[PDB]
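Take a look at the letters that make up each chain.
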Amino acid sequence: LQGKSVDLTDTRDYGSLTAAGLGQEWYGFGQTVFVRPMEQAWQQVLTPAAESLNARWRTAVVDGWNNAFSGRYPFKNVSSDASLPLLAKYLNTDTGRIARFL
Amino acid sequence: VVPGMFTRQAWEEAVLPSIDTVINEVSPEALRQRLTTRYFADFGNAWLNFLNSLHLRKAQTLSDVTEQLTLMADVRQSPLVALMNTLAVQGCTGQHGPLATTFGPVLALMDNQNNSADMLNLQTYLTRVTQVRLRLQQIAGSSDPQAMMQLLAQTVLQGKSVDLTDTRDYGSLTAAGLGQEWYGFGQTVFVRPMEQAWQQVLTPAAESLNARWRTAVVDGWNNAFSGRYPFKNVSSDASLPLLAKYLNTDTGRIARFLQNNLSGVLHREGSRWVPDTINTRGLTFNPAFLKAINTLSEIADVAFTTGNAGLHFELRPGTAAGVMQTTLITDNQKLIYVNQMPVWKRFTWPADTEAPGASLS
Amino acid sequence: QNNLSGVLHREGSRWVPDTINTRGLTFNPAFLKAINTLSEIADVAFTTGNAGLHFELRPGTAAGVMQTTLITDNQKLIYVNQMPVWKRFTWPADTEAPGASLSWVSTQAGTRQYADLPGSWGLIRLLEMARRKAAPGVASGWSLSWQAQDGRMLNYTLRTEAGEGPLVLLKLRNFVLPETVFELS
Amino acid sequence: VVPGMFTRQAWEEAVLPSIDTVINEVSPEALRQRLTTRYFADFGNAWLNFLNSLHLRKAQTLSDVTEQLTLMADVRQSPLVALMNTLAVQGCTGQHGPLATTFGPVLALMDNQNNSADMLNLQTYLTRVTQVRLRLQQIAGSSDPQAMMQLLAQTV
Amino acid sequence: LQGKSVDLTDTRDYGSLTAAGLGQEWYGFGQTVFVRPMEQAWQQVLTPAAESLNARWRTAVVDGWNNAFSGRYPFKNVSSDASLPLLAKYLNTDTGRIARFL
């Protein structure tokens, strides 16, 4: 999603290089055997990896946030206070532990 | 053993010349067409009773369960296809044939002319079991501290699974869809070699999870909360903040143990901890343990709702026969009734005080 | 982040073993207990990049004590049994004589001070000599109670803002860095 | 062990006369195809269950490992060029050959004719494994090898 | 010396792993066919280390010990005193100048 040369994005850019070179007459055959069975892995490699960004967010931000601000004002209406110099380590825009996770 | 007389080679000899001897002894040429069906009813029925009477060799201790899965699922020098080769050619006697309904699903496997059957066949299954052999070869490799054995089994636990919803269920997706008359064979041809494979890579995790269940939750619970109110009736007290750090609804040391070790087999849907019907092998939970944490996660949504120990109830006094004044003091919240108009008084427990307790006169 | 770049992750606040690339490479399980403790003190006391935290004390009452004086780092708390308030302390302040001292004026005798522990770690010496327990009445509280001489108690009520407050530096008591990262056997 | 009865000297000698003893004893010259390909399909299937059976000598402590990679990639004194030599002589029995679809791939490695010039070739593996070994002789002596061994194992 | 060894546990002991496993009637031959050429090799690279370690043992520990602690109580019985903090900086259990030399 950011770089190149994995190579699951390169073989698709090799497979299409043959199939577009055939004739525009074998379109539908070149698209069938040269780019489909590589692109079929990409739709297959996504939905497990989309799950792995859930278990690296409830163990990297949420389980640090809940570990320090569970049951403090102004999250929960109680007596105690959330801690301000620890709050600024989370919600910054440059070095906060949320904005340095994304 | 199947007694012969229902083969292909016993069909080429000594039957089709033989039944025409009795034809000269109803039109006589229409004797075969009744005799063949009452032969082909009992052709496969001696084969059905043989193959539904087979078992697989009992294997244990991780040595031979690889040795099974490399004898099985090997190319031609191997069983289970040589048995399926013998079953292959006998499903074409006669001339697709007259024995279609008895050898239907079993010869629906090997053909590769099943062009729309969801493809459900034998050949993928033996490579579907050769990789459960192969990842078990690495455990048969080093296994040096007895860890890296459960590191493959930790995937069967907490949801690192991306493959194992295919390797367990393919043995059942064929046989439980075979024909239900091949039941008893389909169990011991497909799911019984696979089940003997998982139950030696799974069961030394479930006996190693219980050592990681006590030494992080229970032996801090029983070490500190034993023999205290209200787990008993003694004067000694369970310290309510340490009760809050165990059973809290999202940060306690139980809910931060299930969501770090049983995140694959155990979900918090709503306010209960339900197991998962898929992705359990069988894994048999302790039925008290699904009842224990269903009770603890019910306390935490009413008494421990903020995250710390605290709640607010109201109280309205009631009367009786022969009482004048009834006083109730709890944690320096006073309630005094002398049979006047009843008003609710909002209470709080626990209260910030230097003398916590109750008294009733 | 220079030598264990593959096998150790900075997840959240703790360090975890990376599950990939851990074939036959085991950490000493005291070492992961060590630098998860040394990165849990780091998120309570040393948050801003230097030593500083803010804990709130509320004074308490005791049988037959007229005045308790707690002084830390030239910040007073003189309590002569009035309606108790919260005095938001800080530690370690950059004052001229950092220390910690506790003096109680009895009913019977005059002012006998309980302890006078100077230095920048005066206050941690004082909370070490307490008899502390968890506080149910206030969260997140800790009802300290130093026992003075003459059988008199001095009660206080520590409420901190995050984690454990300056009780968390009493994880450092008899703390030793492990000499071995990877275990070999 | 492969049971004998299959090698190149067993094909030219004493099965080609021996097929001629049973055919005189159905048209025979058509069974001479219907018997040899039944033999050749069992010729390969006894070789594949020999070569797939072989494992590797369990070595340890970094000198037995680096002495294997001398002995594995050393022309004129090694297996895997002396093995693939005698594997090449039995991929050409018969006459390209009749079993050239079964010994086809393994004979395609040791070719080095490589008209594509980017094959896999089993050379450019023995000069690939021996540039791993030359890394492990810079390490194991000369000098201070525990320092260098991390600096390899860190960048993997 | 100090555990930079990854190879030398093989080159010294292979000469002995054969000969002392030969037959014990070839003893006297197995010593001088295998371990005696190897022992003449190590004893000419090991001896000028052990004769050069002793120059790095005195010029970091002993000649700061005998230079400063000689003729003092309780290494003698004189009125002059060994300065107890400098005794602590030598023989300390994990930071002293001996345990940070070994």
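Residues numbered from 1 in each chain as written, not as in the entry; some residues may be left out. Chains lettered and ligands numbered in written order. Part of a larger assembly, values for the part shown. Heavy atoms only, no water. Residues with missing side-chain atoms left out of burial classes, pairs and counts.

As recorded in the PDB entry, chain C goes by Type VI Secretion System TssM and comes from Escherichia coli. Listed as the entry title in the PDB record is "Type VI secretion system membrane core complex".

The name given to chain B in the PDB entry is Type VI Secretion System TssM, with Escherichia coli as the source organism.

Looking only at helices and strands, chain C features two helices and twelve strands. Based on the C-alpha atoms only, the size of chain C along its principal axes is roughly 70 × 30 × 30 Å. A separation threshold of at least 6 residues defines the contact pool for chain C, and within that pool the share at least 24 residues apart is 53%. (Helix = DSSP H or I, 4+ residues; strand = E, 2+ residues; numbered from the N terminus. Contact = heavy atoms within 4.5 Å.)

Quick look at the overall build of chain B now. Helix and strand counts for chain B come out as 15 helices and seven strands. A globule of 361 residues ought to have a C-alpha radius of gyration of about 21 Å, yet chain B, at 34 Å, is considerably larger. (Rg over C-alpha atoms; globule rule 2.2 N^0.38 Å.)

All right, on to empty space enclosed by the protein then. Rolled over the atoms, a probe as big as a water molecule pinpoints where empty space is left. Residues and elements named next belong to chain C. The volume enclosed by the largest cavity comes to roughly 70 Å³. If you trace the largest cavity, you find it lined by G60, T61, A62, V65, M66, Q67, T68, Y79, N81, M153, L154 and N155. If you list the elements that add at least two residues to the lining of the largest cavity, you get β4 (65-72) and β12 (153-160). Ranked by residues supplied to the lining of the largest cavity, first place goes to β4 with four residues. Per-class residue counts for the lining of the largest cavity are six nonpolar, six polar and no charged. (1 Å grid on protein atoms, 1.4 Å probe; cavity = no way out; pocket = protein on both sides within 12 Å on 5 of 7 lines; lining within 4 Å. Points joined across faces, edges and corners; volume = space filled by probe spheres on them. Nonpolar A, V, L, I, M, F, W, Y, C, P; charged D, E, K, R; others polar.)

Attention now goes to the interface of chain B and chain C. Contacts between chain B and chain C engage ten residues on the former and eleven residues on the latter. Contact between chain B and chain C buries roughly 900 Å² in total, counting both sides, with carbon and sulfur atoms accounting for 54%. Remark: the boundary between chain B and chain C carries one salt bridge. For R58 of chain C, the salt bridge is made with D352 of chain B, and the minimal N-O distance between the two is 2.4 Å. Inspection of the chain B/chain C interface yields two residue pairs in polar contact. Here the residues of the side of chain B that touches chain C sort into five nonpolar, one polar and four charged. (Buried area = accessible area lost by both parts, 1.4 Å probe. Salt bridge = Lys/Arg side-chain N within 4 Å of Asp/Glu carboxyl O. Polar contact = N/O pair within 3.5 Å; in protein donor to acceptor, adjacent residues only side chain to side chain.)

Further remarks concern the side chain of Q150 of chain B. Residues and elements named next belong to chain B. Mapped onto the elements, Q150 comes out in helix α8 (residues 150-153). Within the structure, the side chain of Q150 is placed 3.1 Å from the side chain of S208, a separation counted as a polar contact. Ignoring anything within four residues of it in the chain, the contact list for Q150 reads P204, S208 and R212.

Ranking the six pairs of chains in contact by contact count places chains A and C at the top. Of all C-alpha pairs spanning chain B and chain E, none lies closer than 21 Å, and the two are not in contact. Structurally, chain C and chain E remain out of contact, their C-alpha atoms never closer than 11 Å.

Now for the interface of chain C and chain A. With 14 residues of chain C at the interface, the matching set in chain A holds 14 residues. Carbon and sulfur atoms supply 40% of the area buried between chain C and chain A, which totals about 1200 Å² over both sides. Area buried by chain C at its contact with chain A is led by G12, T47 and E161 of chain C, which between them contribute 36% of it. For the interface between chain C and chain A, the tally reads one salt bridge. Here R97 of chain A makes a salt bridge to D43 of chain C, at a shortest N to O gap of 3.9 Å. In this assembly, chain C and chain A are joined by two residue pairs in polar contact. When the residues that make up the side of chain C that touches chain A are grouped by side-chain class, the tally is two nonpolar, six polar and six charged.

We now examine the packing of helix α4 (residues 64-71) of chain B against helix α11 (residues 186-201) of chain B. Residue and element names in this part refer to chain B. For the pair α4 and α11, the least separation of the axes is 10 Å and the interaxial angle reads 150 degrees. Relative to α11, the element α4 lies roughly antiparallel. For α4 against α11, the interelement crossing comes out left-handed. Mapping the contact onto sequence places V65, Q68 and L69 in α4 and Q196, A197 and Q200 in α11. (Axes fitted to C-alpha atoms, helices over the stretch in contact; angles between N-to-C directions. Parallel < 35°, antiparallel > 145°, perpendicular 65-115°, else oblique. Left-handed = near helix turned anticlockwise from the far one by under 90°.)

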